[PDB]
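Engineer: My structure is below; once you've seen it, I'll send some questions.
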Amino acid sequence: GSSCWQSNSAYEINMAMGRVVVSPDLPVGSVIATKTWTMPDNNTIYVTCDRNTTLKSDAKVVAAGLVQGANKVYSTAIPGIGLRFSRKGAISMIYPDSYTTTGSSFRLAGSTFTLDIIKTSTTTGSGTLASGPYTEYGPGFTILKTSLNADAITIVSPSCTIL
């Protein structure tokens with residue numbers, strides 16, 4: 001059997017979006033905010049093998065406190081706040097998914113990575129998203145990772161209270 005190792009450390013995207021204010025008029029399911037990062041088409045090899053090998057790469061959402069709902073939208077610890085991760089380019093997929101190809105050297109195809117903030121419920125809460133990993137793509141090991149720092153995405157929907 002073939003052996004495949006990781007020739008280079010993973011490509012990383014910090015998904016910092018800053019402060020976002022949710023409008024009450026925004027209908028359910030629609031986009032609150034979106035952000036797109038590009039990765040230039042590269043000569044760098046992330047996976048290398050000894051033989052010609054057929055590999056299956058999985059696109060994984062790994063962040064704790066995220067449950068997958070319908071249409072690949074992930075609910076949050078923040079009420080009525082959804083997340084959708086997508087990649088567009090030569091290889092295009094909405095997380096989660098998996099890609100299969102064959103070769104002995106493997107590059108990352110120049111592409112765009114897109115984070116979507118979705119309105120899950122008619123009533124939306126407030127808060128800051130947790131620090132750490134969110135996305136992991138690779139053939140049994142991460143070659144493409146997306147994550148957040150502290151205070152990189154703050155969602156503030158104005159509340160109407162009783163008096």
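Chain lettering (A, B, ...) mirrors the order of the structure tokens, residue numbering begins at 1 for each chain separately, and ligand numbering begins at 1 in order of display.
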I'd like the neighbourhood of residue 131 in chain A as a short mmCIF file (atom, residue, chain, number, x, y, z; two decimals) with C-alpha atoms, in the first residue's frame, where a residue qualifies if any of its atoms comes within 6 Å (using only C-alpha atoms), though same-chain residues fewer than 6 positions away should be ignored.
Structural biologist:
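File produced: around.cif:
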data_model
loop_
_atom_site.label_atom_id
_atom_site.label_comp_id
_atom_site.auth_asym_id
_atom_site.auth_seq_id
_atom_site.Cartn_x
_atom_site.Cartn_y
_atom_site.Cartn_z
CA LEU A 148 -11.24 32.79 14.39
CA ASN A 149 -9.32 34.83 16.95
CA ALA A 150 -10.84 36.52 19.98
#
Engineer: For residue 49 in chain A, work out the shell of residues within 8 Å, counting only C-alpha atoms and skipping chain neighbours fewer than 2 positions away, then give it as a ChimeraX atom specification.
Structural biologist: /A:2-5,47,51-53,104-105
Engineer: Just the strand (DSSP E) stuff from range 54-110 of chain A, please, per backbone DSSP, written as a PyMOL selection string.
Structural biologist: chain A and resi 54-61+67-68+74-75+81-89+93-94+97-107
Engineer: Find the residue from A:136, A:44, A:57, A:124 that sits nearest to residue 158 in chain A; use only C-alpha atoms when measuring.
Structural biologist: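 Nearest to residue 158 in chain A: A:124.
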Engineer: I'd like the contact shell of residue 66 in chain A - 8 Å cut-off, only C-alpha atoms, skipping same-chain residues fewer than 2 positions apart - returned as a PyMOL selection string.
Structural biologist: chain A and resi 63-64+68+74-77
Engineer: Which residue is closest to residue 17 in chain A? Choose from A:161, A:86, A:114, A:42 and count only C-alpha atoms.
Structural biologist: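 Selected residue with least distance to residue 17 in chain A: A:114.
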Engineer: Show which residues sit within 10 Å of residue 147 in chain A, as a ChimeraX atom specification. Count only C-alpha atoms, and ignore same-chain residues fewer than 2 positions away.
Structural biologist: /A:12-16,62-63,130-136,145,149,152
Engineer: Write out the residues from the selection above, keeping N, CA and C atoms, as an mmCIF file, in the first residue's frame.
Structural biologist:
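Saved to selection16.cif:
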data_model
loop_
_atom_site.group_PDB
_atom_site.id
_atom_site.type_symbol
_atom_site.label_atom_id
_atom_site.label_comp_id
_atom_site.auth_asym_id
_atom_site.auth_seq_id
_atom_site.Cartn_x
_atom_site.Cartn_y
_atom_site.Cartn_z
ATOM 1 N N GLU A 12 -3.997 28.701 5.955
ATOM 2 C CA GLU A 12 -4.900 29.194 6.995
ATOM 3 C C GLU A 12 -5.572 30.508 6.652
ATOM 4 N N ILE A 13 -6.855 30.595 6.984
ATOM 5 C CA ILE A 13 -7.611 31.830 6.845
ATOM 6 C C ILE A 13 -8.162 32.218 8.212
ATOM 7 N N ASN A 14 -7.785 33.404 8.683
ATOM 8 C CA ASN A 14 -8.449 34.015 9.829
ATOM 9 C C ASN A 14 -9.711 34.718 9.328
ATOM 10 N N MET A 15 -10.867 34.273 9.813
ATOM 11 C CA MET A 15 -12.157 34.715 9.270
ATOM 12 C C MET A 15 -12.709 35.958 9.935
ATOM 13 N N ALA A 16 -11.826 36.893 10.287
ATOM 14 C CA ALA A 16 -12.219 38.132 10.966
ATOM 15 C C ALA A 16 -13.184 38.969 10.126
ATOM 16 N N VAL A 62 -15.533 21.602 12.179
ATOM 17 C CA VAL A 62 -15.000 20.997 13.400
ATOM 18 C C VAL A 62 -15.244 21.813 14.669
ATOM 19 N N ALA A 63 -15.799 23.013 14.515
ATOM 20 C CA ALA A 63 -16.032 23.921 15.642
ATOM 21 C C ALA A 63 -17.087 23.396 16.612
ATOM 22 N N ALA A 130 -16.934 32.159 19.361
ATOM 23 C CA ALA A 130 -15.826 31.538 20.090
ATOM 24 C C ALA A 130 -14.538 31.461 19.275
ATOM 25 N N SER A 131 -13.416 31.635 19.964
ATOM 26 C CA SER A 131 -12.090 31.519 19.361
ATOM 27 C C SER A 131 -11.756 30.067 18.996
ATOM 28 N N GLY A 132 -10.943 29.885 17.956
ATOM 29 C CA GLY A 132 -10.457 28.555 17.578
ATOM 30 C C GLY A 132 -10.833 28.098 16.178
ATOM 31 N N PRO A 133 -10.580 26.810 15.866
ATOM 32 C CA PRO A 133 -10.838 26.223 14.545
ATOM 33 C C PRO A 133 -12.322 26.134 14.197
ATOM 34 N N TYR A 134 -12.628 26.181 12.901
ATOM 35 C CA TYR A 134 -13.999 26.064 12.404
ATOM 36 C C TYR A 134 -14.086 25.107 11.220
ATOM 37 N N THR A 135 -13.149 25.257 10.289
ATOM 38 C CA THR A 135 -13.105 24.449 9.074
ATOM 39 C C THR A 135 -11.790 23.681 8.962
ATOM 40 N N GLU A 136 -11.888 22.442 8.482
ATOM 41 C CA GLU A 136 -10.721 21.611 8.201
ATOM 42 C C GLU A 136 -10.931 20.791 6.937
ATOM 43 N N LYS A 145 -7.213 25.096 6.582
ATOM 44 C CA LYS A 145 -7.884 25.363 7.850
ATOM 45 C C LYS A 145 -8.373 26.806 7.949
ATOM 46 N N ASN A 149 -9.982 34.347 15.740
ATOM 47 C CA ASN A 149 -9.320 34.830 16.948
ATOM 48 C C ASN A 149 -10.345 35.152 18.032
ATOM 49 N N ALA A 152 -13.287 38.565 16.746
ATOM 50 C CA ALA A 152 -13.107 38.702 15.304
ATOM 51 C C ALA A 152 -14.452 38.822 14.594
#
